[PDB]
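*Asks:* My structure is in structure.csv, and what it holds is CSV, C-alpha atoms:
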chain,number,residue,atom,x,y,z
G,1,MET,CA,84.5,101.5,110.6
G,2,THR,CA,82.2,98.6,109.7
G,3,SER,CA,83.3,96.4,106.8
G,4,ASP,CA,81.5,97.1,103.6
G,5,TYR,CA,81.8,96.6,99.8
G,6,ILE,CA,82.9,100.2,99.1
G,7,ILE,CA,85.7,100.1,101.6
G,8,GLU,CA,87.5,97.3,99.8
G,9,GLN,CA,87.0,98.9,96.4
G,10,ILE,CA,89.0,101.9,97.8
G,11,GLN,CA,91.5,99.5,99.3
G,12,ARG,CA,92.4,97.8,96.1
G,13,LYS,CA,93.1,101.0,94.1
G,14,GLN,CA,95.4,102.1,96.9
G,15,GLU,CA,97.3,98.8,96.4
G,16,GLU,CA,97.1,99.1,92.6
G,17,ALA,CA,98.2,102.7,92.7
G,18,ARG,CA,101.0,101.8,95.2
G,19,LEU,CA,101.9,98.8,93.1
G,20,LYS,CA,102.7,100.8,89.9
G,21,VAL,CA,104.5,103.5,91.9
G,22,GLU,CA,106.8,100.9,93.5
G,23,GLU,CA,107.8,99.2,90.2
G,24,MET,CA,108.2,102.4,88.1
G,25,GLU,CA,110.1,104.0,91.0
G,26,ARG,CA,112.9,101.7,89.9
G,27,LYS,CA,112.9,103.8,86.6
G,28,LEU,CA,113.1,107.0,88.6
G,29,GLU,CA,116.0,105.8,90.7
G,30,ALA,CA,117.7,104.0,87.8
G,31,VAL,CA,117.5,107.2,85.7
G,32,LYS,CA,119.1,109.3,88.4
G,33,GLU,CA,121.6,106.6,89.1
G,34,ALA,CA,122.5,106.7,85.4
G,35,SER,CA,122.7,110.5,85.4
G,36,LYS,CA,125.4,110.5,88.1
G,37,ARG,CA,127.7,108.2,86.1
G,38,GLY,CA,127.4,110.3,82.9
G,39,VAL,CA,126.4,107.7,80.4
G,40,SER,CA,127.3,108.4,76.8
G,41,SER,CA,124.9,109.8,74.2
G,42,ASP,CA,124.0,106.4,72.6
G,43,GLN,CA,122.8,105.1,76.0
G,44,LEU,CA,121.1,108.4,76.9
G,45,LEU,CA,118.2,107.6,74.6
G,46,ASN,CA,117.2,104.8,76.9
G,47,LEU,CA,116.6,107.3,79.7
G,48,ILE,CA,114.1,109.4,77.8
G,49,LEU,CA,111.9,106.3,77.2
G,50,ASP,CA,112.3,105.3,80.9
G,51,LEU,CA,111.0,108.7,82.0
G,52,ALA,CA,108.2,108.6,79.5
G,53,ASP,CA,106.9,105.4,81.0
G,54,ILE,CA,106.8,107.0,84.5
G,55,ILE,CA,104.9,110.1,83.4
G,56,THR,CA,102.4,108.2,81.3
G,57,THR,CA,101.8,105.7,84.2
G,58,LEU,CA,101.3,108.6,86.7
G,59,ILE,CA,98.7,110.2,84.4
G,60,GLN,CA,96.6,107.1,84.6
G,61,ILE,CA,96.9,107.1,88.4
G,62,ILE,CA,95.8,110.7,88.5
G,63,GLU,CA,92.7,109.7,86.5
G,64,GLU,CA,92.0,106.9,88.9
G,65,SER,CA,92.6,109.0,92.0
G,66,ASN,CA,90.0,111.5,90.7
G,67,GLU,CA,87.5,108.6,90.3
G,68,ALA,CA,88.3,107.3,93.7
G,69,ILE,CA,86.8,110.4,95.3
G,70,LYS,CA,83.7,110.1,93.0
G,71,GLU,CA,83.1,106.5,94.1
G,72,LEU,CA,83.7,107.2,97.8
G,73,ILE,CA,81.0,109.9,98.2
G,74,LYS,CA,78.2,108.1,96.3
G,75,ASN,CA,78.5,105.0,98.5
G,76,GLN,CA,79.1,106.9,101.8
G,77,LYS,CA,76.3,106.8,104.4
G,78,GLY,CA,76.8,109.3,107.2
G,79,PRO,CA,78.0,113.0,107.4
G,80,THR,CA,80.9,113.3,105.0
G,81,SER,CA,82.9,116.5,105.5
G,82,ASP,CA,83.3,118.7,102.5
G,83,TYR,CA,86.7,120.0,103.4
G,84,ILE,CA,88.5,116.7,103.4
G,85,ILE,CA,86.9,115.8,100.0
G,86,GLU,CA,87.8,119.2,98.7
G,87,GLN,CA,91.3,119.0,100.2
G,88,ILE,CA,92.1,115.9,98.2
G,89,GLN,CA,90.7,117.5,95.0
G,90,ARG,CA,93.0,120.5,95.4
G,91,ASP,CA,96.0,118.2,95.8
G,92,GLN,CA,94.9,116.6,92.5
G,93,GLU,CA,94.3,120.1,91.1
G,94,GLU,CA,97.9,120.9,91.9
G,95,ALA,CA,99.0,117.6,90.3
G,96,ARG,CA,97.2,118.6,87.1
G,97,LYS,CA,99.1,121.9,87.0
G,98,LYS,CA,102.5,120.4,87.7
G,99,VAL,CA,102.2,117.4,85.3
G,100,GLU,CA,101.9,119.9,82.4
G,101,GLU,CA,105.5,121.0,83.1
G,102,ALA,CA,106.6,117.3,83.2
G,103,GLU,CA,104.9,116.7,79.8
G,104,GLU,CA,106.3,120.0,78.5
G,105,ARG,CA,110.0,119.1,79.0
G,106,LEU,CA,109.3,115.5,78.0
G,107,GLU,CA,108.3,117.0,74.6
G,108,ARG,CA,111.1,119.5,74.6
G,109,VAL,CA,113.9,117.0,75.1
G,110,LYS,CA,112.4,114.7,72.4
G,111,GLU,CA,112.1,117.7,70.1
G,112,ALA,CA,115.7,118.5,70.9
G,113,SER,CA,116.8,115.0,70.2
G,114,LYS,CA,115.4,115.0,66.7
G,115,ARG,CA,117.3,118.2,65.8
G,116,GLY,CA,120.6,116.8,67.0
G,117,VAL,CA,121.3,118.9,70.1
G,118,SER,CA,124.6,118.3,71.9
G,119,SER,CA,124.7,115.5,74.5
G,120,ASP,CA,125.3,117.7,77.5
G,121,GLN,CA,122.2,119.7,76.9
G,122,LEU,CA,120.0,116.6,76.6
G,123,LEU,CA,121.4,115.2,79.9
G,124,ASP,CA,120.7,118.5,81.6
G,125,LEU,CA,117.0,118.3,80.7
G,126,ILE,CA,116.8,114.6,81.9
G,127,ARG,CA,118.1,115.3,85.4
G,128,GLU,CA,116.1,118.5,85.6
G,129,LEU,CA,113.1,116.5,84.3
G,130,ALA,CA,113.6,113.9,87.0
G,131,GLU,CA,113.5,116.5,89.7
G,132,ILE,CA,110.1,117.8,88.5
G,133,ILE,CA,108.6,114.3,88.8
G,134,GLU,CA,109.9,114.1,92.4
G,135,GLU,CA,107.8,117.2,93.1
G,136,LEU,CA,104.9,115.7,91.2
G,137,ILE,CA,104.9,112.4,93.2
G,138,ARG,CA,105.0,114.1,96.6
G,139,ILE,CA,101.4,115.4,95.8
G,140,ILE,CA,100.3,111.9,94.9
G,141,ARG,CA,101.8,110.0,97.8
G,142,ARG,CA,100.3,112.3,100.5
G,143,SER,CA,96.9,112.2,98.8
G,144,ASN,CA,97.2,108.4,98.9
G,145,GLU,CA,97.8,108.7,102.7
G,146,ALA,CA,94.9,111.2,103.0
G,147,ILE,CA,92.4,108.5,102.0
G,148,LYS,CA,93.9,106.1,104.6
G,149,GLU,CA,93.2,108.4,107.5
G,150,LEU,CA,89.7,109.3,106.3
G,151,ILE,CA,88.4,105.8,105.9
G,152,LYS,CA,89.7,104.4,109.2
G,153,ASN,CA,88.2,107.2,111.3
G,154,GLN,CA,84.6,106.2,110.2
Using C-alpha cells, write down the structure from this file.
*Replies:*
Amino acid sequence: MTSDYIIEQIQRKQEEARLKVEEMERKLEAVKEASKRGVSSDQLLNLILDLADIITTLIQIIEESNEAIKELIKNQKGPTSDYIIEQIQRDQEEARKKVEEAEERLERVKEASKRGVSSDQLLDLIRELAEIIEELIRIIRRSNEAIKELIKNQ
C-alpha cells in the first residue's frame, strides 16, 4: 500500500486499542490468580471492581472498533470488498450479543452483594464471569488482526 493519512489513523487506534487491552489484561490475570488462592470475603469486593473496569473499558473499544470501519470506507479509494467489511461487523455484532451477558452477571453479583449472599456464591460468579470475558475478548482480538491483513494487502 502507498502511505496515506487514513492508514495512520487506523494504525493509532490499533495501538490504542491494543494499549488498553494489555494494561487491563493484568486485571483479568490478577482476578483469576486471586480466584485460585481463595481470597476471603473482605478482599473479594476488590475483584468485582477490577472486573467492572475491564468490561467498561472493552465497551469503549467496541464503540471505537465500530467507528474504525466507518472511517476506513469513507477514505478508501479503490474496490473495497463488501464481505471483509461485513465480516468484521458480524464479529462486532457477536461482541454486542455476548457483552450483554458480561454486563448481566456484573449486575447480578453486585445485586447479590448488597443482599448479603454467602461468600462462596459470590466467588463462583466472579470466576464464571471471568470466563465469559475470555470469550468476549477472542472476538475483539481477531477482529483487530482482521484489519491488519486488509490494510497491508492494498
*Asks:* One number please: atom CA of residue G:47 to atom CA of residue G:63, in Å, one decimal.
*Replies:*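 It comes out at 25.0 Å.
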*Asks:* Could you list, as JSON, numbers by chain, every residue within 12 Å of residue G:93, counting all atoms listed in the file and ignoring same-chain residues fewer than 3 positions away?
*Replies:* {"G": [62, 63, 65, 66, 86, 87, 88, 89, 90, 96, 97, 98, 99, 100, 136, 139, 140, 143]}
*Asks:* Go ahead and write the residues just picked, C-alpha atoms, as a PDB file, in the coordinates of the input.
*Replies:*
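Final output, result_13.pdb:
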ATOM      1  CA  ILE G  62      95.800 110.700  88.500  1.00  0.00           C
ATOM      2  CA  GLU G  63      92.700 109.700  86.500  1.00  0.00           C
ATOM      3  CA  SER G  65      92.600 109.000  92.000  1.00  0.00           C
ATOM      4  CA  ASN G  66      90.000 111.500  90.700  1.00  0.00           C
ATOM      5  CA  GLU G  86      87.800 119.200  98.700  1.00  0.00           C
ATOM      6  CA  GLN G  87      91.300 119.000 100.200  1.00  0.00           C
ATOM      7  CA  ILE G  88      92.100 115.900  98.200  1.00  0.00           C
ATOM      8  CA  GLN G  89      90.700 117.500  95.000  1.00  0.00           C
ATOM      9  CA  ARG G  90      93.000 120.500  95.400  1.00  0.00           C
ATOM     10  CA  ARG G  96      97.200 118.600  87.100  1.00  0.00           C
ATOM     11  CA  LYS G  97      99.100 121.900  87.000  1.00  0.00           C
ATOM     12  CA  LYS G  98     102.500 120.400  87.700  1.00  0.00           C
ATOM     13  CA  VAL G  99     102.200 117.400  85.300  1.00  0.00           C
ATOM     14  CA  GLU G 100     101.900 119.900  82.400  1.00  0.00           C
ATOM     15  CA  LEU G 136     104.900 115.700  91.200  1.00  0.00           C
ATOM     16  CA  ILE G 139     101.400 115.400  95.800  1.00  0.00           C
ATOM     17  CA  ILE G 140     100.300 111.900  94.900  1.00  0.00           C
ATOM     18  CA  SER G 143      96.900 112.200  98.800  1.00  0.00           C
TER      19      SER G 143
END
*Asks:* Dump as a Markdown table the rows for residues of stretch 38-80 of chain G within 8 Å of stretch 13-17 of chain G: closest atom pair and distance in Å with one decimal, all atoms listed in the file counted, ordered by chain and rising residue number.
*Replies:*
| residue | atom | partner | partner_atom | distance |
| --- | --- | --- | --- | --- |
| G:61 | CA | G:17 | CA | 6.3 |
| G:64 | CA | G:13 | CA | 7.9 |
| G:68 | CA | G:13 | CA | 7.9 |
*Asks:* Please report the interatomic distance between atom CA of residue G:147 and atom CA of residue G:53 in Å with one decimal.
*Replies:* 25.7 Å
*Asks:* May I ask for the distance between atom CA of residue G:29 and atom CA of residue G:48, given in Å to one decimal place?
*Replies:* 13.5 Å
*Asks:* So, with only C-alpha atoms as the atoms that count, which of G:154, G:121, G:43, G:92 lies closest to residue G:78?
*Replies:*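 Distance minimum relative to residue G:78 lands on G:154.
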*Asks:* Using all atoms listed in the file, which protein or nucleic acid residues come within 9 Å of residue G:101? Drop anything in the same chain fewer than 5 positions from it, and give the result as a list in words.
*Replies:*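 The contact residues come out as residues 106, 129 and 132 of chain G.
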*Asks:* Tell me which protein, DNA and RNA residues are within 12 Å of residue G:119, counting only C-alpha atoms, leaving out same-chain ones fewer than 5 positions away, and put them as a compact mmCIF listing (two decimals) with C-alpha atoms, in the coordinates of the input.
*Replies:*
# COMPACT_ATOMS: atom_id res chain seq x y z
CA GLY G 38 127.40 110.30 82.90
CA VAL G 39 126.40 107.70 80.40
CA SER G 40 127.30 108.40 76.80
CA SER G 41 124.90 109.80 74.20
CA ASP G 42 124.00 106.40 72.60
CA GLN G 43 122.80 105.10 76.00
CA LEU G 44 121.10 108.40 76.90
CA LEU G 45 118.20 107.60 74.60
CA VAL G 109 113.90 117.00 75.10
CA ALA G 112 115.70 118.50 70.90
CA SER G 113 116.80 115.00 70.20
CA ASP G 124 120.70 118.50 81.60
CA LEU G 125 117.00 118.30 80.70
CA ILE G 126 116.80 114.60 81.90
*Asks:* So which one's closest to residue G:32, G:127, G:85, G:118, G:142? Using only C-alpha atoms, please.
*Replies:*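 Residue with the minimum atom-to-atom distance to residue G:32: G:127.
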*Asks:* Mind dumping a table of every stretch 28-116 of chain G residue within 9 Å of stretch 2-11 of chain G, with the nearest atom pair and its distance in Å to one decimal, using only C-alpha atoms, sorted by chain and rising number, as a tab-separated table?
*Replies:*
residue	atom	partner	partner_atom	distance
G:68	CA	G:10	CA	6.8
G:71	CA	G:6	CA	8.0
G:72	CA	G:6	CA	7.2
G:75	CA	G:6	CA	6.5
G:76	CA	G:6	CA	8.2
